[PDB]
Amino acid sequence: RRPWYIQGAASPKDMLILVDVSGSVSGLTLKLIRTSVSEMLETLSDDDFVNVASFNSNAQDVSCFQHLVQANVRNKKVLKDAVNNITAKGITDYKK
Amino acid sequence: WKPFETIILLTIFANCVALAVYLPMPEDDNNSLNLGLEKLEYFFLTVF
Ligand SMILES: *[C@@H]1O[C@H](CO)[C@@H](O)[C@H](O)[C@H]1NC(C)=O
Ligand SMILES: [Ca+2]
């Protein structure tokens, strides 16, 4: 997982992380996703792009971005404060 | 008429199975089966 090993083993990535946030994920499966998203963003170089979109009843971007970021050091820090305040209730749909 | 033992015994025994596979979901979530059997709870209310 070290910066120099990842760029030499891949290409740039337009990545998009979707976090299921219905009622079925409160408890153990919440704290993991809060953790596992926060570990996923560290495998990015600075050609990679991300954006975090919970899907629920409706699908929104809990990020204040609405589109793809450049994923600096900085923009990865924005999303982690977004991830660490996600509530959990509603109905899964996967179609919206 | 005698056949009310024959009918309504199976009305209960079907209705307890309707409460068996009722799968509870914690923070207001329904899969599909809980959506359907809520409408099937109207069928059991219809009979009695
Ligand atoms: C969630 O926490 C973050 C970080 O403190 C904050 O920016 C955001 O406004 C919070 N949202 C709610 C609904 O409290
Ligand atoms: Ca679910």
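- For this coordinate set, the PDB header names cryo-EM as the determination method and states a resolution of 3.9 Å.

## Points about the pairing of strand β2 (residues 52-55) of chain A
All names here are of chain A.
- Along β2, one buried face is formed by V52 and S54 and the opposite face, lined by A53 and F55, is buried too.
- Sheet topology note: the strand β1 (residues 17-20)/β2 ladder contains four bridges and is parallel. Its bridge partner being in β2, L18 is matched across the sheet by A53.

## A word on a nonpolar patch on the surface
Residues and elements named next belong to chain B.
- Together, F4, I7, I8, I12, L40, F43, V47 and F48 line one region of the surface with nonpolar side chains, adding up to about 800 Å² of accessible area.
- Contributions of two or more residues to the nonpolar patch are made by α1 (4-20) and α2 (33-47).
- At four residues, the largest contribution of residues to the nonpolar patch is made by α1.
- Given a relative accessible area of 66%, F48 falls into the exposed group.

## Regarding the packing of aromatic side chains
- Within the structure shown, the criterion is met by two aromatic pairs over all chains.
- Between A:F55 and A:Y94 the ring centres are 5.2 Å apart and the planes differ by 50 degrees, which places this aromatic pair in the tilted class. Placement of the pair is A:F55 in strand β2 and A:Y94 in the segment after α3 (73-83), with a sequence separation of 39 residues.
- We classify A:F55 as buried; its relative accessible area is 10%.
- Pairing B:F43 with B:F44 gives two aromatic rings, centres 5.8 Å apart and planes at 70 degrees, and the pair type is edge-to-face.

## Digging into empty space enclosed by the protein
Residue and element names in this part refer to chain A.
- Overall, the coordinates contain one cavity of 30 Å³ or more when judged by the stated rule.
- By volume, the largest cavity amounts to about 70 Å³.
- The wall of the largest cavity is formed by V19, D20, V21, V25, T29, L30, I33, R34, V37, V83 and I86.
- Counting residues per element, the ones that place at least two in the lining of the largest cavity are β1 and α2 (28-40).
- A total of five residues in the lining of the largest cavity trace back to one element, the largest contributor, which is α2.
- The residue makeup of the lining of the largest cavity, split by class, is eight nonpolar, one polar and two charged.

## Focus on the packing of α1(B) against α2(B)
All names here are of chain B.
- Interaxial distance between α1 and α2 falls to 11 Å at its minimum, and their mutual angle equals 160 degrees. The angle between α1 and α2 places the two elements in the roughly antiparallel class. Here α1 and α2 pass one another in a crossing that is left-handed. On α2, the residues touching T11, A14, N15, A18 and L19 of α1 are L37, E41, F44 and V47.

## Some words on the interface of chain B and chain A
- In this assembly, six residues from chain B lie in contact with nine residues from chain A.
- Both faces considered, chain B and chain A share a buried interface measuring about 500 Å² in area, 50% of it formed by carbon and sulfur atoms.
- Summed over the three residues of chain B that lose the most area to chain A, namely B:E27, B:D28 and B:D29, the buried surface amounts to 69% of that side.
- In this assembly, chain B and chain A are joined by zero salt bridges.
- Across the contact surface, chain B and chain A share two residue pairs in polar contact.
- Here the residues of the side of chain B that touches chain A sort into two nonpolar, one polar and three charged.

Cut-offs and rules
- Residues numbered from 1 in each chain as written, not as in the entry; some residues may be left out.
- Chains lettered and ligands numbered in written order.
- Part of a larger assembly, values for the part shown.
- Heavy atoms only, no water.
- Buried < 20%, exposed > 50% of the residue type's maximum accessible area, 1.4 Å probe, protein only.
- Helix = DSSP H or I, 4+ residues; strand = E, 2+ residues; numbered from the N terminus.
- Pairing = 2+ DSSP bridges.
- Patch = residues over 30% accessible without salt bridge, like charges linked within 9 Å, V, L, I, M, F, W, Y side chains within 5 Å.
- Areas by Shrake-Rupley, 256 points an atom, 1.4 Å probe, with all protein chains shown as cover.
- Salt bridge = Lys/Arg side-chain N within 4 Å of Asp/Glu carboxyl O.
- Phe/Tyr/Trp six-rings, centres within 6.5 Å; stacked < 30°, edge-to-face > 60°.
- 1 Å grid on protein atoms, 1.4 Å probe; cavity = no way out; pocket = protein on both sides within 12 Å on 5 of 7 lines; lining within 4 Å.
- Points joined across faces, edges and corners; volume = space filled by probe spheres on them.
- Nonpolar A, V, L, I, M, F, W, Y, C, P; charged D, E, K, R; others polar.
- Axes fitted to C-alpha atoms, helices over the stretch in contact; angles between N-to-C directions.
- Parallel < 35°, antiparallel > 145°, perpendicular 65-115°, else oblique.
- Left-handed = near helix turned anticlockwise from the far one by under 90°.
- Contact = heavy atoms within 4.5 Å.
- Buried area = accessible area lost by both parts, 1.4 Å probe.
- Polar contact = N/O pair within 3.5 Å; in protein donor to acceptor, adjacent residues only side chain to side chain.

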